[PDB]
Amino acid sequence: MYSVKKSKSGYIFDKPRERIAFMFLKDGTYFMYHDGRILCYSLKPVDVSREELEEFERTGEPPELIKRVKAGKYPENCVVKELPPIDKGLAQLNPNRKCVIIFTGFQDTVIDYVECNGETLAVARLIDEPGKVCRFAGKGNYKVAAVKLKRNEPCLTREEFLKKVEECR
């Protein structure tokens, strides 16, 4: 079961560690898919109609393009990137995972996050340089960690974040 979020930007189908997003940008519809291990997105618009997106929403069957992607059959005009492992510091809390990419203004970023004690604990890493990391604890959304990363703002050290995680398990 995907949760579905529709907007003028497009459609977003989410699972705890998976996202299928269709963005009506520029010429037509571009797609982003990621699971726990792989990110892939189109460099050109794809042949997915709004009718197929309504059908995906109603029945829960992803379009054939996405099913091929989930089976490792990537289209020609697509970027495919391997993701890092689930953050070690968060691993024991069973975090969610989401990726944000150039379509919303980010260098490709993976974020692992949990809600704990009314706070968000998130670890964002640049997918292309996983050593660049923002560990974040705060009342905002998980995307805050990605924003701080983009803005090169200092974040929590490993020890500070691990204290927040331990005070949480």
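Residue numbers run from 1 along the displayed sequence.
Q: Could you settle it for me: does 110-118 or 56-64 have the higher average Cα B factor in the PDB entry?
A: Of 56-64 and 110-118, the stretch with the higher C-alpha B-factor average is 56-64.
Q: Higher average CA B factor in the deposited record is what I'm after, so tell me if that's 12-20 or 155-163.
A: It is 155-163 that shows the higher mean C-alpha B-factor.
Q: From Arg125, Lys44, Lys143, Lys139, pick the one with the largest CA B-factor in the entry?
A: When the deposited C-alpha B-factors of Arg125, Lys44, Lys143, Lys139 are compared, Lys139 is largest.
Q: If you check the C-alpha B-factor for each of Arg135, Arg50, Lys132, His34 in the entry, which is highest?
A: Reading the PDB entry, the winner on C-alpha B-factor is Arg50.
Q: Could you look up the Cα B-factor of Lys88 in the entry and say which third of the chain it sits in: lowest, middle or highest?
A: For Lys88, the deposited C-alpha B-factor lands in the middle third.
Q: Looking at the entry's B-factor column for C-alpha atoms only, identify whether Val80 ranks in the lowest, middle or highest third of its chain.
A: According to the entry, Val80 has a C-alpha B-factor in the chain's lowest third.
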